[PDB]
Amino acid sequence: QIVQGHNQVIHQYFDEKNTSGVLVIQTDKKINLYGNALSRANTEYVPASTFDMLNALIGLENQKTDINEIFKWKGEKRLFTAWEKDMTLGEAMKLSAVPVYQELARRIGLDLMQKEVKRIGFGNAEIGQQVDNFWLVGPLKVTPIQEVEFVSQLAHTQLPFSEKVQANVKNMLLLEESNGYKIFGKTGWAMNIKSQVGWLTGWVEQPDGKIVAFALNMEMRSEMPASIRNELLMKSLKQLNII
């Protein structure tokens, strides 16, 4: 069942950050919705950088790359200074280095990419004719509910990929670790549109191994401080006693 959770306090956290957002939590097969814009949970958005998780899975499964490959920076200035170096697929995951994921997408090629995306059934599963930017500007879109379900399956090694490939992608996603709890995840921000979308999608692995998956989806503005998605997430997870 998908249902609105105990939300008085978290609704207030979203209002206090002057944003419009939803937090989707999946434990077992139960999904709960929190925040001040719950209709966002079933609204389709571009996945932006969050697609990198599925791009990696497809690329590794089909041996178009491996976890030790160094992707070469050819010397051109990039959108961000942090991206201006040779790096592995996993380092590119952490940095959301789009040139690396675009390179990988082109290796995969349109035919294999569309076949895989359809097989997984990610979002609307539409990639169009442009293999190198379909997750950034459309036509591929996905709801927060779909994202939490995807990442929950990754965390449980239930996606229809090899076990080793799934383990290797999970290993690229560790964000924070303390008091026995691990937090894995992936941020995203579609900056170049009228309604900027911010993502933070991942899971908590609790000390006993239990998995609680999350997908935060909110409207971003340029004026927002850098940590805002992580800050709202951690506050909300603490309030729900997930951490």
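Residue numbers here begin at 1 and follow the sequence given.
Judged by mean Cα B factor in the deposited record, 117 to 125 ranks above the other of 92 to 100 and 117 to 125. Remark: stretch with higher mean C-alpha B factor among 154 to 162 and 75 to 83 is 75 to 83. The entry lists C-alpha B-factors for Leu54, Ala37, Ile67, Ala213, and the highest of these is at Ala37. Looking at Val22, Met234, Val9, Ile25, the one whose CA carries the top B-factor in the deposited record is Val9. Ranked within its chain, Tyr45 lands in the middle third, by CA B factor from the PDB record. Ranked by Cα temperature factor within the chain, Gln130 sits in the highest third according to the deposited record.
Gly202: CA B factor lies in the lowest third for its chain, per the PDB record. The entry lists a Cα temperature factor for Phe184 that places it in the lowest third of the chain's modelled residues. Among the modelled residues of its chain, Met218 has a C-alpha B-factor that falls in the middle third according to the deposited record.
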